Structures are given as C-alpha cells and as structure tokens.
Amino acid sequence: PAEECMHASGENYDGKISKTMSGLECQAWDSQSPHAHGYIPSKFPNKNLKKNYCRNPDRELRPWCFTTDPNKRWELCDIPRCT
C-alpha cells in the first residue's frame, strides 16, 4: 500500500484517504456532480486522480478533493506528515 502521509505537501501522495479535514466525503474525480470541474483524470495522468482519493495535483497546500456537499466545492484533506 502507498504510505498514508506526506513528506512535503503531498505532490507524491497516492494513498486512499477520501474524506476532507471536516469529514465530508470526497467527490470522485471522474464525476462532474455535484461540482463541475476541470481536473479530468485522463487529462492529467501523472497526477493519479483516482476514485475519490485526496490528491495534490496542483501545488496546493496539501492534498484536497471536491466534496459531495453542494455547498462546499472543495476542501483540504488531513494528511499527516511523514516522520
């Protein structure tokens, strides 16, 4: 399994955490509902936009995801720092 931590800000994070820091379930990257977005998995293959897993494809502060809450487009995830 991929390590469930980040050594920096999560550029290489490839784990399976799929909830945001507030506990919201992540929207699947291959879904455009409830939030339409441009992070198309087949368009950014090296970013590993798999299932609804938190990812940091874009030099965000840490891995994040779109959320299934219509009133919350996206949120950071709580990925621990590696020790």
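Numbering starts at 1 and follows the sequence shown.
Taking the mean C-alpha B-factor of each stretch as recorded, 59-67 and 19-27 are not equal, and the higher mean is that of 19-27.
Between the stretches 34-42 and 49-57, it is 34-42 that shows the larger average CA temperature factor.
Split the chain's modelled residues into thirds by C-alpha temperature factor. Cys82 is in the highest one. Among all modelled residues in its chain, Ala8 ranks in the highest third by Cα B-factor.
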